[PDB]
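input-v2.pdb follows; it contains PDB, C-alpha atoms and all ligand atoms.
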MODEL        1
ATOM      1  CA  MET X  10      72.144 119.515 101.742
ATOM      2  CA  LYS X  11      75.223 119.613  99.469
ATOM      3  CA  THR X  12      78.110 117.530  99.967
ATOM      4  CA  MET X  13      81.022 119.645 101.267
ATOM      5  CA  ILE X  14      84.301 120.213  99.399
ATOM      6  CA  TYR X  15      87.487 122.101 100.146
ATOM      7  CA  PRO X  16      88.534 125.272  98.294
ATOM      8  CA  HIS X  17      91.513 123.522  96.728
ATOM      9  CA  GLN X  18      89.119 120.891  95.397
ATOM     10  CA  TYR X  19      87.069 123.594  93.869
ATOM     11  CA  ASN X  20      90.210 125.110  92.343
ATOM     12  CA  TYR X  21      91.118 121.688  90.956
ATOM     13  CA  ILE X  22      87.684 121.333  89.423
ATOM     14  CA  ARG X  23      87.853 124.818  87.856
ATOM     15  CA  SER X  24      91.226 123.785  86.564
ATOM     16  CA  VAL X  25      90.205 120.559  84.816
ATOM     17  CA  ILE X  26      87.104 122.176  83.404
ATOM     18  CA  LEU X  27      89.145 124.898  81.665
ATOM     19  CA  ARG X  28      91.554 122.290  80.405
ATOM     20  CA  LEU X  29      88.609 120.232  79.071
ATOM     21  CA  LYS X  30      87.359 123.223  77.291
ATOM     22  CA  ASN X  31      90.743 123.584  75.693
ATOM     23  CA  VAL X  32      90.781 119.961  74.638
ATOM     24  CA  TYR X  33      87.366 120.407  73.004
ATOM     25  CA  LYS X  34      88.639 123.423  71.142
ATOM     26  CA  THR X  35      92.021 122.227  69.886
ATOM     27  CA  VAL X  36      92.161 118.430  69.855
ATOM     28  CA  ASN X  37      91.034 116.269  67.005
ATOM     29  CA  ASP X  38      91.542 112.618  67.762
ATOM     30  CA  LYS X  39      88.189 111.387  69.140
ATOM     31  CA  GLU X  40      89.503 108.665  71.420
ATOM     32  CA  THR X  41      91.893 111.045  73.259
ATOM     33  CA  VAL X  42      88.873 113.277  73.915
ATOM     34  CA  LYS X  43      86.906 110.272  75.272
ATOM     35  CA  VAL X  44      89.679 109.288  77.642
ATOM     36  CA  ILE X  45      89.814 112.874  78.824
ATOM     37  CA  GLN X  46      86.065 113.392  79.137
ATOM     38  CA  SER X  47      85.906 110.204  81.193
ATOM     39  CA  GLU X  48      88.921 111.156  83.335
ATOM     40  CA  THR X  49      87.510 114.644  84.020
ATOM     41  CA  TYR X  50      84.093 113.171  84.631
ATOM     42  CA  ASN X  51      85.806 110.793  87.122
ATOM     43  CA  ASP X  52      87.889 113.491  88.812
ATOM     44  CA  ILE X  53      84.763 115.524  89.499
ATOM     45  CA  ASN X  54      82.862 112.321  90.328
ATOM     46  CA  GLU X  55      85.614 111.398  92.711
ATOM     47  CA  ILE X  56      85.751 114.755  94.422
ATOM     48  CA  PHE X  57      82.083 115.106  95.098
ATOM     49  CA  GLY X  58      81.342 111.638  96.319
ATOM     50  CA  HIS X  59      77.795 111.426  95.238
ATOM     51  CA  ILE X  60      76.140 112.916  92.237
ATOM     52  CA  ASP X  61      73.120 115.055  93.054
ATOM     53  CA  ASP X  62      70.939 116.410  90.251
ATOM     54  CA  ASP X  63      72.931 119.621  89.810
ATOM     55  CA  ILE X  64      76.184 117.784  89.515
ATOM     56  CA  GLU X  65      74.746 115.246  87.111
ATOM     57  CA  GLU X  66      73.401 118.027  84.902
ATOM     58  CA  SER X  67      76.569 120.120  85.079
ATOM     59  CA  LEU X  68      78.502 117.011  84.031
ATOM     60  CA  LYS X  69      76.070 116.362  81.263
ATOM     61  CA  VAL X  70      76.721 119.917  80.060
ATOM     62  CA  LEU X  71      80.527 119.576  80.541
ATOM     63  CA  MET X  72      80.408 116.371  78.560
ATOM     64  CA  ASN X  73      79.142 118.201  75.536
ATOM     65  CA  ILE X  74      81.853 118.976  73.107
ATOM     66  CA  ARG X  75      79.752 122.068  72.316
ATOM     67  CA  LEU X  76      80.428 123.329  75.865
ATOM     68  CA  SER X  77      80.369 127.114  75.984
ATOM     69  CA  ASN X  78      82.032 129.743  78.169
ATOM     70  CA  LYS X  79      78.677 130.914  79.525
ATOM     71  CA  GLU X  80      77.912 127.364  80.573
ATOM     72  CA  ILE X  81      81.298 127.085  82.320
ATOM     73  CA  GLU X  82      80.592 130.207  84.276
ATOM     74  CA  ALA X  83      77.182 128.826  85.379
ATOM     75  CA  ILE X  84      78.750 125.522  86.389
ATOM     76  CA  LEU X  85      81.590 127.136  88.298
ATOM     77  CA  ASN X  86      79.085 129.386  90.067
ATOM     78  CA  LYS X  87      77.111 126.275  91.111
ATOM     79  CA  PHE X  88      80.151 124.251  92.198
ATOM     80  CA  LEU X  89      81.060 127.160  94.462
ATOM     81  CA  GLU X  90      77.927 126.509  96.535
ATOM     82  CA  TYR X  91      79.482 123.226  97.665
ATOM     83  CA  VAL X  92      82.670 124.812  99.004
ATOM     84  CA  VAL X  93      83.337 125.246 102.694
ATOM     85  CA  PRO X  94      85.239 128.515 102.993
ATOM     86  CA  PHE X  95      88.368 129.163 104.982
ATOM     87  CA  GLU X  96      87.482 130.213 108.492
ATOM     88  CA  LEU X  97      89.206 133.328 109.776
ATOM     89  CA  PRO X  98      90.268 132.962 113.425
ATOM     90  CA  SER X  99      89.164 135.414 116.097
ATOM     91  CA  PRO X 100      91.655 138.178 116.951
ATOM     92  CA  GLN X 101      92.244 136.651 120.315
ATOM     93  CA  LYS X 102      93.174 133.362 118.585
ATOM     94  CA  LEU X 103      95.173 135.076 115.936
ATOM     95  CA  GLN X 104      97.100 136.854 118.668
ATOM     96  CA  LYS X 105      97.662 133.601 120.560
ATOM     97  CA  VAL X 106      99.273 131.915 117.520
ATOM     98  CA  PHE X 107     101.580 134.931 117.072
ATOM     99  CA  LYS X 108     102.265 135.422 120.790
ATOM    100  CA  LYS X 109     105.411 137.485 120.337
ATOM    101  CA  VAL X 110     103.951 139.779 117.748
ATOM    102  CA  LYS X 111     102.348 142.655 119.520
ATOM    103  CA  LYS X 112     100.106 144.660 117.372
ATOM    104  CA  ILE X 113      98.997 142.075 114.819
ATOM    105  CA  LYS X 114      95.780 142.039 112.895
ATOM    106  CA  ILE X 115      94.550 140.278 109.791
ATOM    107  CA  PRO X 116      93.970 142.589 106.865
ATOM    108  CA  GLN X 117      90.517 142.847 105.437
ATOM    109  CA  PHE X 118      89.320 139.802 103.429
ATOM    110  CA  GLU X 119      86.779 139.099 100.727
ATOM    111  CA  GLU X 120      84.591 136.132 101.711
ATOM    112  CA  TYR X 121      85.000 135.051  98.109
ATOM    113  CA  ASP X 122      88.723 135.240  98.228
ATOM    114  CA  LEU X 123      88.101 133.009 101.231
ATOM    115  CA  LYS X 124      86.126 130.441  99.206
ATOM    116  CA  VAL X 125      89.284 129.709  97.177
ATOM    117  CA  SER X 126      91.717 129.864 100.110
ATOM    118  CA  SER X 127      93.604 126.998 101.700
ATOM    119  CA  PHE X 128      95.775 129.360 103.693
ATOM    120  CA  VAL X 129      95.949 133.105 104.355
ATOM    121  CA  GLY X 130      99.074 135.143 103.702
ATOM    122  CA  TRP X 131      99.624 138.857 103.883
ATOM    123  CA  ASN X 132     102.609 141.118 103.565
ATOM    124  CA  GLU X 133     103.753 143.706 106.048
ATOM    125  CA  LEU X 134     106.203 146.245 104.588
ATOM    126  CA  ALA X 135     108.144 147.740 107.470
ATOM    127  CA  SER X 136     108.884 144.175 108.605
ATOM    128  CA  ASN X 137     109.465 142.669 105.166
ATOM    129  CA  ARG X 138     107.370 139.794 106.455
ATOM    130  CA  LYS X 139     104.791 137.569 104.957
ATOM    131  CA  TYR X 140     102.484 136.044 107.525
ATOM    132  CA  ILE X 141     100.783 132.754 106.761
ATOM    133  CA  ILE X 142      97.961 131.093 108.708
ATOM    134  CA  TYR X 143      96.347 127.819 107.879
ATOM    135  CA  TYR X 144      94.758 124.781 109.555
ATOM    136  CA  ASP X 145      96.806 121.641 109.711
ATOM    137  CA  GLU X 146      95.482 118.178 108.980
ATOM    138  CA  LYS X 147      94.111 118.109 112.477
ATOM    139  CA  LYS X 148      92.239 121.295 111.838
ATOM    140  CA  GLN X 149      94.239 123.240 114.424
ATOM    141  CA  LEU X 150      95.092 126.834 113.647
ATOM    142  CA  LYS X 151      98.743 127.433 112.881
ATOM    143  CA  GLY X 152     100.646 130.529 111.935
ATOM    144  CA  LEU X 153     104.125 131.481 110.898
ATOM    145  CA  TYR X 154     105.928 134.403 109.328
ATOM    146  CA  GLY X 155     109.075 134.845 107.284
ATOM    147  CA  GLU X 156     111.083 137.321 105.348
ATOM    148  CA  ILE X 157     109.908 137.871 101.824
ATOM    149  CA  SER X 158     112.417 139.453  99.574
ATOM    150  CA  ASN X 159     111.735 142.619  97.601
ATOM    151  CA  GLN X 160     112.846 141.277  94.295
ATOM    152  CA  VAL X 161     110.160 139.790  92.072
ATOM    153  CA  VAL X 162     111.086 137.054  89.661
ATOM    154  CA  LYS X 163     109.118 135.098  87.123
ATOM    155  CA  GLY X 164     109.105 131.501  88.202
ATOM    156  CA  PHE X 165     107.226 128.533  89.525
ATOM    157  CA  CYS X 166     105.731 129.059  92.950
ATOM    158  CA  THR X 167     106.833 126.326  95.438
ATOM    159  CA  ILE X 168     103.349 126.325  97.021
ATOM    160  CA  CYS X 169     100.934 126.379  94.116
ATOM    161  CA  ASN X 170     103.341 125.030  91.510
ATOM    162  CA  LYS X 171     102.352 127.713  88.966
ATOM    163  CA  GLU X 172     104.557 130.066  86.971
ATOM    164  CA  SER X 173     103.944 133.360  88.741
ATOM    165  CA  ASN X 174     105.412 136.474  90.182
ATOM    166  CA  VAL X 175     107.424 134.957  93.004
ATOM    167  CA  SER X 176     109.761 136.026  95.770
ATOM    168  CA  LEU X 177     112.204 134.225  98.039
ATOM    169  CA  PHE X 178     110.511 133.442 101.363
ATOM    170  CA  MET X 179     112.835 132.648 104.350
ATOM    171  CA  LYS X 180     111.755 131.472 107.799
ATOM    172  CA  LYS X 181     113.968 131.695 110.899
ATOM    173  CA  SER X 182     113.821 128.510 112.981
ATOM    174  CA  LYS X 183     113.815 128.767 116.729
ATOM    175  CA  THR X 184     116.841 130.621 117.988
ATOM    176  CA  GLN X 189     122.253 131.853 116.877
ATOM    177  CA  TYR X 190     119.458 130.557 114.529
ATOM    178  CA  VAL X 191     118.670 128.823 111.146
ATOM    179  CA  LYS X 192     117.007 130.192 107.979
ATOM    180  CA  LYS X 193     115.063 128.044 105.459
ATOM    181  CA  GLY X 194     112.617 128.497 102.593
ATOM    182  CA  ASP X 195     112.049 128.920  98.858
ATOM    183  CA  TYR X 196     110.279 131.034  96.207
ATOM    184  CA  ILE X 197     106.527 131.590  96.545
ATOM    185  CA  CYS X 198     103.928 133.941  95.063
ATOM    186  CA  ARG X 199     104.351 137.427  96.374
ATOM    187  CA  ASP X 200     100.537 137.776  96.195
ATOM    188  CA  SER X 201      99.082 134.940  98.350
ATOM    189  CA  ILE X 202      95.458 135.490  97.320
ATOM    190  CA  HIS X 203      96.376 134.761  93.788
ATOM    191  CA  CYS X 204      98.522 131.880  95.051
ATOM    192  CA  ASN X 205      95.482 130.329  96.795
ATOM    193  CA  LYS X 206      93.462 130.595  93.587
ATOM    194  CA  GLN X 207      96.103 128.618  91.693
ATOM    195  CA  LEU X 208      96.467 125.996  94.401
ATOM    196  CA  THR X 209      94.749 122.803  93.362
ATOM    197  CA  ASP X 210      96.663 120.365  95.653
ATOM    198  CA  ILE X 211      96.967 121.148  99.357
ATOM    199  CA  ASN X 212      99.752 118.606  99.845
ATOM    200  CA  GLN X 213     102.086 120.973  98.106
ATOM    201  CA  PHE X 214     101.288 123.650 100.612
ATOM    202  CA  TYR X 215     101.826 121.207 103.508
ATOM    203  CA  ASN X 216     105.078 120.035 101.908
ATOM    204  CA  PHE X 217     106.262 123.617 101.618
ATOM    205  CA  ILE X 218     105.413 123.973 105.346
ATOM    206  CA  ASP X 219     107.341 120.825 106.195
ATOM    207  CA  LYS X 220     110.489 121.949 104.385
ATOM    208  CA  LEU X 221     110.610 125.145 106.472
ATOM    209  CA  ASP X 222     111.314 122.920 109.509
TER     210      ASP X 222
HETATM  211 ZN    ZN J   1     101.751 130.353  94.492
ENDMDL
END
Would you mind writing the file out in structure tokens?
Ligand SMILES: [Zn+2]
Amino acid sequence: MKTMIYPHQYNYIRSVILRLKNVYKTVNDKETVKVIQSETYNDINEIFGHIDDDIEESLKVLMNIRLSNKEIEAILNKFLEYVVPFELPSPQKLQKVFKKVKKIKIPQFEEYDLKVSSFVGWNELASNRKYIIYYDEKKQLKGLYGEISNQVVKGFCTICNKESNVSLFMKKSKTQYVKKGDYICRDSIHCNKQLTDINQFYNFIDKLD
């Protein structure tokens, strides 16, 4: 029985681990490393809740300044076992959240894209739409769509906060109607992988009104 974590928590862990590796490689001052080892150790400690033997050992390995890439890959592979993947809704539910969209169907998904996903977004060309589904803080299924512009620009995604290939996403409020939004990753799978803080996603959702 492994304690359960969210995909974004996994992504955050992957994130701090790679950063730690970089600190081991490129930073000299010993005390800065100690503060960082301890912080990272705490961040992971804080996410999991309780240490089980695998987590204690992974941490022991992470805490070695001689940490290797192969070791990282083993640790990441193990942390993944703790993640509760995004749950795709049934077609009948998907259809009920997009009541006015006749002829809608989720595109095929990799379960392991799903282990890093906080939300699901896919683009439909004829419509110039990106559809997004997610579960809110109450775990209820929600869905929306918006216009995603053709132009790709190199910029920080409003959702994942990473410098990426982004496009302007605009949502029409209930209808004479209003249009709101901002730049987000054109490729939402990649977006989900970079998303380490789900509040940013929910904040993006709130700004769309
Ligand atoms: Zn993004």
message: Which residues, named as in the file, does the PyMOL selection byres (((chain X and resi 155) around 12) and not hetatm) pick out? Answer as a PyMOL selection string.
response: chain X and resi 130-133+136-142+152-154+156-158+176-182+191-197+218+221
Which residues of chain X have any atom within 9 Å of an atom in ligand ZN 1 (chain J) when counting only C-alpha atoms and all ligand atoms, and what is the closest pair of atoms for each, with the distance in Å to one decimal? Order the rows by chain and rising number and write it as a tab-separated table.
residue	atom	partner	partner_atom	distance
X:165	CA	J:ZN1	ZN	7.6
X:166	CA	J:ZN1	ZN	4.5
X:167	CA	J:ZN1	ZN	6.6
X:168	CA	J:ZN1	ZN	5.0
X:169	CA	J:ZN1	ZN	4.1
X:170	CA	J:ZN1	ZN	6.3
X:171	CA	J:ZN1	ZN	6.2
X:172	CA	J:ZN1	ZN	8.0
X:173	CA	J:ZN1	ZN	6.9
X:174	CA	J:ZN1	ZN	8.3
X:175	CA	J:ZN1	ZN	7.5
X:196	CA	J:ZN1	ZN	8.7
X:197	CA	J:ZN1	ZN	5.3
X:198	CA	J:ZN1	ZN	4.2
X:199	CA	J:ZN1	ZN	7.8
X:200	CA	J:ZN1	ZN	7.7
X:201	CA	J:ZN1	ZN	6.6
X:202	CA	J:ZN1	ZN	8.6
X:203	CA	J:ZN1	ZN	7.0
X:204	CA	J:ZN1	ZN	3.6
X:205	CA	J:ZN1	ZN	6.7
X:206	CA	J:ZN1	ZN	8.3
X:207	CA	J:ZN1	ZN	6.5
X:208	CA	J:ZN1	ZN	6.8
Point-to-point distance in Å for CA of residue 162 in chain X and CA of residue 113 in chain X: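 These atoms are spaced 28.4 Å apart.
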- prompt: Hey, can you check how far CA of residue 126 in chain X sits from CA of residue 95 in chain X?
  reply: 6.0 Å
field: residue 77 in chain X surroundings by all atoms listed in the file, 12 Å radius, close-in-sequence under 4 positions cut, as a list in words
entry: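 Returned residues: residues 26, 27, 29, 30, 31, 33, 34, 70, 71, 72, 73, 81, 82, 83 and 84 of chain X.
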Selection export as a short mmCIF file (atom, residue, chain, number, x, y, z; two decimals), keeping the file's coordinate frame, atoms kept: C-alpha atoms:
data_model
loop_
_atom_site.label_atom_id
_atom_site.label_comp_id
_atom_site.auth_asym_id
_atom_site.auth_seq_id
_atom_site.Cartn_x
_atom_site.Cartn_y
_atom_site.Cartn_z
CA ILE X 26 87.10 122.18 83.40
CA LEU X 27 89.14 124.90 81.67
CA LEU X 29 88.61 120.23 79.07
CA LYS X 30 87.36 123.22 77.29
CA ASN X 31 90.74 123.58 75.69
CA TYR X 33 87.37 120.41 73.00
CA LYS X 34 88.64 123.42 71.14
CA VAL X 70 76.72 119.92 80.06
CA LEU X 71 80.53 119.58 80.54
CA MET X 72 80.41 116.37 78.56
CA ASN X 73 79.14 118.20 75.54
CA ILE X 81 81.30 127.08 82.32
CA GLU X 82 80.59 130.21 84.28
CA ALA X 83 77.18 128.83 85.38
CA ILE X 84 78.75 125.52 86.39
#
- prompt: Looking at all atoms listed in the file, which of X:53, X:211, X:150, X:161 is the one that sits closest to residue 97 in chain X?
  reply: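 Smallest distance to residue 97 in chain X is found for X:150.
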message: Please report the interatomic distance between CA of residue 116 in chain X and CA of residue 90 in chain X in Å with one decimal.
response: 25.0 Å
Selection result for the PyMOL selection byres (((chain X and resi 57-69) around 12) and not hetatm) on this file, as a VMD selection string: chain X and resid 10 to 15 18 to 19 21 to 22 26 29 46 to 56 70 to 76 80 to 92
Residue among X:37, X:105, X:212, X:16 lying closest to residue 121 in chain X, counting all atoms listed in the file: X:16
Pick from X:103, X:190, X:125, X:213, whichever lies nearest to residue 23 in chain X using only C-alpha atoms: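 So, comparing all the options, the nearest one is X:125.
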- prompt: Taking into account all atoms listed in the file, which residue in the set X:43, X:17, X:111, X:148 is nearest to residue 94 in chain X?
  reply: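 When distances to residue 94 in chain X are compared using all atoms listed in the file, the smallest one comes from X:17.
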- line: The residue from X:24, X:119, X:102, X:129 with the smallest atom-to-atom distance to residue 149 in chain X, counting only C-alpha atoms, is X:102
